[PDB]
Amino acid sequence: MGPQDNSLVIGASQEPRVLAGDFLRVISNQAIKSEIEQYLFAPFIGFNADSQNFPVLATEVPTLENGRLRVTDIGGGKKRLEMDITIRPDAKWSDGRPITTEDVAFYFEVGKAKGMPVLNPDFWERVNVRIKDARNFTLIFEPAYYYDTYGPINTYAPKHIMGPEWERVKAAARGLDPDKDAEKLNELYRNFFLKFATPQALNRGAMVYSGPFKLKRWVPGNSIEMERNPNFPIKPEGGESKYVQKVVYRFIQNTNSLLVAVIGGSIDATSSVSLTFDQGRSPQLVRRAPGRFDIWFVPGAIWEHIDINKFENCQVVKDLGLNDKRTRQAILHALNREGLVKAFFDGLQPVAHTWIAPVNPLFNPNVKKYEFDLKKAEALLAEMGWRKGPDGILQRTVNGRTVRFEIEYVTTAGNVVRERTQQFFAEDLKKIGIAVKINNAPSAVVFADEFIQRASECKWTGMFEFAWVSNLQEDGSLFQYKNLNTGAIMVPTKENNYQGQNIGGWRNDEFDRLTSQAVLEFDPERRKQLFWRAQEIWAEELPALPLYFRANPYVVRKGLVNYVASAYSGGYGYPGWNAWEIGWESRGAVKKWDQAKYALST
């Protein structure tokens, strides 16, 4: 069925809320959306499984050796980095139009728009572009950070498609003040991307594609079907005809149901957002693998954690005292994380005590640890006035009002291991008087900007469990209030036009100072020292509750080659970063990568 019609069916447990047109990822920054988009949009510079930059739509990787990189000292130990990129003469959109520097200028104009709800306002403050000609441009970073040359580099969007509407949007934006009209301005920009990112719009041809594949159709709630993009210039060894001509992502929200489908055999490979660790080693799957599929476990920077709303303007937050570190420490002492990873994963996915995964050398193994101890949790909560009500749940008075310790606990509905986790933790939390109100929804709902990036508006008011998948551009921005080098605030609120990813609203000036300096440190050891100090502070304050570090399980049909992932392949550590060379060996596809060396033993 695979080599038969020369297709690739990929199974996933989460579906993108929007696709293609949301190129700054302001509406959705879902990992599944980014993975799928690798097939549809190619970078100028990619990042392979061997953790190396490599040219894709650009002619070559810029280096000091070839003069494409220029570092100049601007004083005070800071630098200016210039990076020359040349777009290949054959880089083309799926409609036949050339990919040019006008597409780069367009991308920058949108990212630079005042009030644009960008994920990383720091980048947008210090990065600029200079256009030499239709295919030569220079990216300018000032001050430069240690990770600016780290691929992938994808700074372009289809101007001939989105430009006309953008001009209208800009004209309308002139009548709005980013301060007083923040809500309206945010709506204006969201609507711009939505015109080019919903199922109906895309199915009617709203977008064009630069990757090895182009969209055929999006059946929302069911699948995303793509077909070969003949305009993509990188041809795999032996010719593109020997590789897959159609790629279909099938979405099954309940992970157990996805597991059943994967065991059944109709799915050729699994996404980085599919089955959980425990499922990958379950007997019902393992015993059905012989002669059919290979199962791999790939470590990555995947941090399962629980974010905590600490915005004091939400009275529920103040009532529960979530803004006090003692409350967060108490909750963590009540989470039997070691018991959970032992029972659920045989300890193979270790308890995390910091936000940086071990695969990143910045990881600090020495930070403060919070062992499972209900007595300690009880003492901390008692110190803050809590006393058990007759239903066994803690109560206290705040602002003259009687408040109960019932906390919202949100996660991705359908993800069985997380649903089990909530139940597991809830049993212990109840023993000390903390009640949990489960409020789960699909990935496409909870990871949409209007939910995840709106804690300041009290959209979610307690605990929110999920995992952050990181690339090597670590700057601690997930927990910075402000980057001191650019003055960019990283907590999304109406006041900063909903920019940033510090979704829980934490602020620690020392943490900001350390991380802001660390990203400017080009010496690996000094950089690590600063990040280690930042992690020590982070662990004492627990702005989020660390749970465990994950490894992604991949189930791949025998015969399919080059569908390989590594800790940081494609930047975030998932398959599909070399989508043009994935194919069936019986069709002549030439194996160029082997999963073994990047995966856990056996």
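Quick note: we count residues from 1 along the sequence shown, nothing fancier.
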Per the PDB entry, mean CA B-factor is higher for 486-494 or 409-417, namely for 486-494
Of 587-595 and 9-17, the stretch whose C-alpha atoms average the higher B-factor in the entry | 587-595
Per the coordinate record, which of the options 449, 523, 268, 307 holds the highest CA temperature factor?
-> 523
Based on the PDB entry, the highest CA temperature factor among the options 214, 353, 217, 387 is that of 387
Third of the chain, ranked by Cα B-factor, where residue 69 sits | highest
Assigned third (lowest, middle, highest) for the C-alpha B factor of residue 102 = middle
So where's residue 541 on the chain's Cα temperature factor ranking, which third?
-> middle
Mind checking which third residue 51 falls in for C-alpha B-factor across the chain?
-> highest
So, residue 283's CA B-factor, relative to its chain, sits in which third? The highest
